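>>> Sequence plus experimental coordinates follow:
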Amino acid sequence: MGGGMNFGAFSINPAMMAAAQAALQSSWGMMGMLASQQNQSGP
């Protein structure tokens, strides 16, 4: 969005863009973190 697009939490705004992106994505992240720990763990 409007900024340097790197982390969203610094390189756009103070936390704001990473928080807005991750707030709902963390719910889908819960299944992704469990699957990628022992069922799809890569290098």
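Structure received. Numbering: from 1, shown residues only.

>>> contacts and neighbour counts: CA atoms only from here.
Will do.

>>> Check the gap between residue 41 and residue 2 for me.
For residue 41, the distance to residue 2 equals 34 Å [CA to CA, to the nearest Å].

>>> With residue 21 instead?
Counting by CA to CA, the gap from residue 21 to residue 2 is 14 Å.

>>> And for residue 15, the neighbour number?
13 (other CA atoms under 10 Å).

>>> Could you pull up the contacting residues of the nearest residue to it once chain neighbours are set aside?
Of all residues not flanking residue 15 in the chain, residue 9 sits nearest, at 3.7 Å (CA to CA, 6 or more residues apart in numbering). When contacts are counted by CA atoms under 8 Å, 6 or more residues apart in numbering, residue 9 touches 15-19.

>>> most surrounded residue in those?
residue 17 (20 neighbours).

>>> Need the three-state assignment for that one.
helix (DSSP: H, G, I helix; E, B strand; the rest coil).

>>> surely it meets residue 6?
No: with contact defined as CA atoms under 8 Å, residue 17 and residue 6 do not form a contacting pair (10.6 Å).

>>> Name the residues of the strand or helix carrying residue 35 that come out as buried.
Using DSSP states H and E, residue 35 sits within helix 16-38. Judged by neighbour count (16 or more other CA atoms under 10 Å), helix 16-38 contains these buried residues: 17-18.

>>> next one: it to chain centre, how far?
Relative to the chain's own centre, helix 16-38 is displaced by 6 Å; criterion: CA atoms, centre = their mean, to the nearest Å.

>>> Show me what it is in contact with.
By CA under 8 Å, 6+ apart, the surrounding residues in contact with helix 16-38 are 7-9, 41-42.

>>> mind running it again at 10 Å?
With contacts defined as CA atoms under 10 Å, 6 or more residues apart in numbering, helix 16-38 is touched by 1-3, 5-13, 39-42.
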